[PDB]
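Asks: I am attaching a structure below and will ask some questions about it afterwards.
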Amino acid sequence: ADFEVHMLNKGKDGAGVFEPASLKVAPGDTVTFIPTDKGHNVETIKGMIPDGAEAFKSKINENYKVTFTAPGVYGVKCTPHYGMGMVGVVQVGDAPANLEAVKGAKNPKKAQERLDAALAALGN
Ligand SMILES: [Cu+2]
């Protein structure tokens with residue numbers, strides 16, 4: 001299955017948001033990160049990627065597809081706007097084994113607040 005995540009800032013919190021900021025997918029599912037507003041990208045949050053998964057980083061304003069295979073929770077950020085809290089979570093599969101590791105990862109305060117909420121919005 002494919003999903004879409006829009007990268008927005010006009011009329012939105014901070015310097016921008018991912019919408020949805022929390023997604024539950026299956027191995028092999030693809031998420032397209034869409035530059036609906038300009039100025040954004042998507043990148044792996046170091047410390048919030050399962051083993052078995054590669055990191056990624058898109059270009060600013062790139063329409064960017066990521067295929068998620070390894071089970072677990074993935075934290076993602078917008079590179080320039082990470083400090084301002086532009087982050088999201090993608091969960092691959094049920095019962096993510098790396099949940100405790102990712103809950104303990106360090107992030108800027110505004111990012112951490114949104115990640116904590118996003119993890120709880122996946123029913124974790
Ligand atoms: Cu951004």
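Letters A, B, ... mark the chains of the structure tokens in the order given; residue numbers begin at 1 per chain; ligand numbers begin at 1, in order shown.
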For the interface of chain A with ligand 1 (cut-off 9 Å, counting only C-alpha atoms and all ligand atoms), please tabulate each contacting residue of chain A alongside its nearest pair of atoms and their separation in Å to one decimal, rows sorted by chain and increasing number, as a tab-separated table.
Replies:
residue	atom	partner	partner_atom_place_in_ligand_line	distance
A:7	CA	ligand 1	1 (Cu)	6.8
A:8	CA	ligand 1	1 (Cu)	7.4
A:9	CA	ligand 1	1 (Cu)	7.3
A:15	CA	ligand 1	1 (Cu)	6.3
A:16	CA	ligand 1	1 (Cu)	5.2
A:17	CA	ligand 1	1 (Cu)	6.8
A:18	CA	ligand 1	1 (Cu)	8.1
A:37	CA	ligand 1	1 (Cu)	8.9
A:38	CA	ligand 1	1 (Cu)	8.1
A:39	CA	ligand 1	1 (Cu)	5.8
A:40	CA	ligand 1	1 (Cu)	3.7
A:41	CA	ligand 1	1 (Cu)	6.0
A:42	CA	ligand 1	1 (Cu)	7.9
A:60	CA	ligand 1	1 (Cu)	8.5
A:77	CA	ligand 1	1 (Cu)	7.9
A:78	CA	ligand 1	1 (Cu)	4.6
A:79	CA	ligand 1	1 (Cu)	6.7
A:80	CA	ligand 1	1 (Cu)	5.9
A:81	CA	ligand 1	1 (Cu)	4.6
A:82	CA	ligand 1	1 (Cu)	7.3
A:84	CA	ligand 1	1 (Cu)	8.7
A:85	CA	ligand 1	1 (Cu)	8.9
A:86	CA	ligand 1	1 (Cu)	5.9
A:87	CA	ligand 1	1 (Cu)	8.5
Asks: Store the residues picked out above, limited to N, CA and C atoms, as a compact mmCIF listing (two decimals), in the first residue's frame.
Replies:
# COMPACT_ATOMS: atom_id res chain seq x y z
N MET A 7 3.99 17.86 3.63
CA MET A 7 4.90 18.75 4.30
C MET A 7 4.34 20.16 4.21
N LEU A 8 3.87 20.71 5.34
CA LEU A 8 3.11 21.95 5.34
C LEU A 8 3.73 22.92 6.32
N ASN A 9 3.62 24.21 6.01
CA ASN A 9 3.92 25.22 7.01
C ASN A 9 2.91 26.35 7.05
N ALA A 15 7.57 25.89 12.45
CA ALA A 15 8.08 26.16 11.11
C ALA A 15 7.55 25.12 10.13
N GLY A 16 6.60 24.31 10.59
CA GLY A 16 5.96 23.34 9.72
C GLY A 16 5.71 22.02 10.44
N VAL A 17 4.91 21.21 9.74
CA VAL A 17 4.42 19.94 10.25
C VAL A 17 4.42 18.92 9.13
N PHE A 18 4.53 17.65 9.53
CA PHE A 18 4.12 16.54 8.69
C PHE A 18 2.67 16.19 8.99
N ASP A 37 3.76 22.55 0.66
CA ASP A 37 4.38 23.83 0.87
C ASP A 37 5.88 23.67 0.66
N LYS A 38 6.57 24.77 0.35
CA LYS A 38 7.99 24.76 0.09
C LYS A 38 8.79 24.91 1.37
N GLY A 39 10.00 24.38 1.32
CA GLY A 39 11.00 24.61 2.33
C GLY A 39 11.34 23.38 3.17
N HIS A 40 10.78 22.23 2.83
CA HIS A 40 10.86 21.07 3.69
C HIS A 40 11.52 19.88 3.01
N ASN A 41 11.96 18.94 3.85
CA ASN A 41 12.42 17.64 3.38
C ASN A 41 12.07 16.60 4.44
N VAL A 42 12.61 15.38 4.26
CA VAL A 42 12.44 14.33 5.25
C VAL A 42 13.78 13.62 5.41
N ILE A 60 15.47 19.24 -0.23
CA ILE A 60 14.41 20.20 -0.01
C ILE A 60 13.49 20.24 -1.23
N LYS A 77 12.25 13.45 10.53
CA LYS A 77 12.31 14.89 10.75
C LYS A 77 12.40 15.60 9.40
N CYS A 78 12.08 16.89 9.43
CA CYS A 78 12.49 17.83 8.42
C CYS A 78 13.83 18.42 8.85
N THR A 79 14.83 18.33 8.00
CA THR A 79 16.18 18.72 8.38
C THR A 79 16.23 20.15 8.93
N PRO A 80 15.82 21.20 8.17
CA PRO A 80 15.94 22.55 8.71
C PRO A 80 15.04 22.82 9.89
N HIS A 81 13.91 22.11 9.99
CA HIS A 81 12.89 22.45 10.96
C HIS A 81 12.79 21.48 12.13
N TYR A 82 13.79 20.61 12.26
CA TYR A 82 13.82 19.65 13.36
C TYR A 82 13.77 20.34 14.73
N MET A 84 12.53 23.09 15.49
CA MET A 84 11.22 23.69 15.63
C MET A 84 10.11 22.64 15.75
N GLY A 85 10.47 21.35 15.77
CA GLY A 85 9.48 20.31 16.02
C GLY A 85 8.84 19.68 14.80
N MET A 86 9.38 19.89 13.60
CA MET A 86 8.77 19.27 12.41
C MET A 86 9.29 17.83 12.28
N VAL A 87 8.49 16.92 12.84
CA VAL A 87 8.83 15.51 12.99
C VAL A 87 7.58 14.65 12.83
Asks: Expressed in Å to a single decimal, how great is the separation between CA of residue 4 in chain A and CA of residue 43 in chain A?
Replies: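 Separation of CA of residue 4 in chain A and CA of residue 43 in chain A: 15.6 Å.
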Asks: Calculate how many Å separate CA of residue 48 in chain A from CA of residue 76 in chain A, rounding to one decimal.
Replies: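 CA of residue 76 in chain A lies 7.9 Å from CA of residue 48 in chain A.
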Asks: Would you please work out which residue, of A:116, A:23, A:64, A:121, is nearest to residue 104 in chain A when using only C-alpha atoms?
Replies: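 Using only C-alpha atoms, residue 104 in chain A sits closest to A:116.
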Asks: Which residues are close to residue 32 in chain A, i.e. within 10 Å by only C-alpha atoms, leaving aside same-chain residues fewer than 6 positions away? Reply as a PyMOL selection string.
Replies: chain A and resi 2-6+62-67
Asks: Please list as a PyMOL selection string every residue within 10 Å of residue 54 in chain A, counting only C-alpha atoms and excluding residues in the same chain fewer than 3 positions away.
Replies: chain A and resi 44+49-51+68-70
Asks: Can I get the selected residues back with C-alpha atoms, as a CSV table (one decimal), in the first residue's frame?
Replies:
chain,number,residue,atom,x,y,z
A,44,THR,CA,15.8,9.7,9.4
A,49,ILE,CA,15.5,3.7,13.1
A,50,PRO,CA,15.3,-0.1,13.6
A,51,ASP,CA,18.2,-2.3,12.9
A,68,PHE,CA,9.6,0.7,4.7
A,69,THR,CA,10.5,-3.0,5.2
A,70,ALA,CA,12.1,-3.7,8.5
Asks: Need to verify the contact set: residue 92 in chain A, 7 Å, only C-alpha atoms, exclusion of same-chain residues closer than 5 positions in sequence. Can you return it as a PDB file with C-alpha atoms, in the first residue's frame?
Replies:
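Saved file selection09.pdb follows:
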ATOM      1  CA  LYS A  24       0.964   2.667  10.891  1.00  0.00           C
ATOM      2  CA  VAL A  25       2.059   0.701   7.815  1.00  0.00           C
ATOM      3  CA  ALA A  26       3.101  -2.856   6.828  1.00  0.00           C
ATOM      4  CA  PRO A  27       6.472  -4.086   5.475  1.00  0.00           C
ATOM      5  CA  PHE A  68       9.552   0.689   4.709  1.00  0.00           C
ATOM      6  CA  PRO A  71       9.543  -3.841  11.343  1.00  0.00           C
ATOM      7  CA  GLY A  72       9.671  -1.223  14.055  1.00  0.00           C
ATOM      8  CA  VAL A  73       9.143   2.449  14.712  1.00  0.00           C
TER       9      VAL A  73
END
Asks: Excluding residue 103 in chain A and residues on its chain fewer than 2 positions from it, collect all residues at most 10 Å away from it, counting only C-alpha atoms, and give them as number ranges by chain.
Replies: A: 47-48, 73, 75, 98-101, 105-106, 112, 115-116, 119
Asks: Quick one: pick out all strand (DSSP E or B) residues within range 28-99 of chain A from a backbone DSSP run and write them as a VMD selection string.
Replies: chain A and resid 30 to 34 43 to 44 57 64 to 67 72 to 77 87 to 92
Asks: Let me make sure I understand: among A:110, A:55, A:22, A:36, which one has the smallest atom-to-atom distance to residue 89 in chain A if we use only C-alpha atoms?
Replies: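 Nearest to residue 89 in chain A: A:22.
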